[PDB]
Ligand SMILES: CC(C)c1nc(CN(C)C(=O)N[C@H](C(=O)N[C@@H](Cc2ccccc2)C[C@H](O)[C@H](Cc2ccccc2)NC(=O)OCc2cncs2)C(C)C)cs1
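Taking the form solved without the ligand, here's one chain by itself in structure tokens.
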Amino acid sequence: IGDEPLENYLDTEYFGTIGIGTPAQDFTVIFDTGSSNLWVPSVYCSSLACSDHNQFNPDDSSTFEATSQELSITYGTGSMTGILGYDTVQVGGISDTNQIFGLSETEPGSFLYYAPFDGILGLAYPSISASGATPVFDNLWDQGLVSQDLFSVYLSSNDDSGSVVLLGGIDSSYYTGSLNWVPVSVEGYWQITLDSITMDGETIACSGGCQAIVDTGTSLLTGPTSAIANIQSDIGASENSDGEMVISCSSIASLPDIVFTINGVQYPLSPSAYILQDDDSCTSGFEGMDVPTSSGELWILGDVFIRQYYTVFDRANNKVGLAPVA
């Protein structure tokens, strides 16, 4: 039973620490269920984003070992380029021996420069892994370093502490009620089927169904740009002066509940949740992002939805289990 604490960053970015090499070099990474690769900046990276963050120096790890393999990854926000190498990764109190991870050479762009995080640790299916690189949780399960072939995650609300990723375990301490399990549509992302999206007893969206991934590496609740128009129009969101869609922070009171039906089970989203706010100003947690796929336009269930529902990712039976947090 591994335990990896996470830092809640402005209810927008949840990262955690890891160590790579011997002695171990520390790095803060994002635990991304929307990605499957693990990469940290390296000392052979001259990009403004690596100078800005910690750089893994293989020359100082006695258990490091190289490859000829190049790796490349595209994110809806960042881009990356590097080489693959093996070393021992320390996660949630578990020594992940012979883990293949990438070492950056380029981290192009503006966005990876302003980030409080150094790298990314994907928790999705090896199906979408760049360079067919073995994900961490797969390497843990394979080396029998975890008792169960599942992991669970708890995300903190209002900047509080308490955010955690439980490797090979489930803790009833985090949810109320019973664990509802939903089968996985398509193995790649943490892909689930949504049946509908309601408000006021009205199906404001996702009629006849839609696809959604459960991504802890996305901050807002995401969907096709036309579809969300309907939602923002409904909660009274406004694309303001500076380029944002805020809302009268007091208009939370009137506002009904947006409800998501998954596998026929109702999963409500209270306005205290779908509306982000600083005691100065209120935004919408809904974001339009057209994400085409063979399956269709993806809806992403990000931190707004995950903060309210304790999620279990079961690789054994390929299902996602949900339950309201405590």
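One-based numbering along the sequence shown.
What follows is about the form deposited with the ligand bound, which we do not show.
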item: 4.5 Å heavy atom contact, residue 12 and the ligand in the deposited complex; value: yes
item: Contact of residue 35 with the ligand in the deposited complex (heavy atom, 4.5 Å); value: yes
item: Partner contact for residue 273 in the deposited complex: the ligand, 4.5 angstroms, heavy atom; value: no
item: Partner proximity in the deposited complex: residue 77 to the ligand, non-hydrogen atom cutoff 4.5 Å; value: yes
item: Which of 132 to 140, 171 to 179, 95 to 103, 210 to 218 sits within 4.5 Å of the ligand in the deposited complex, heavy atom basis; value: 210 to 218
item: Selected contact from 197, 165, 235, 120, since only one has a non-hydrogen atom within 4.5 angstroms of the ligand in the deposited complex; value: 120
item: Position in contact with the ligand when the complex is considered in the deposited complex, options 43, 282, 291, 259, heavy atoms within 4.5 Å; value: 291
item: Partner contacts for 107 to 136, taking the ligand in the deposited complex and a 4.5 Å heavy atom cut-off; value: 111, 112, 117, 120, 128
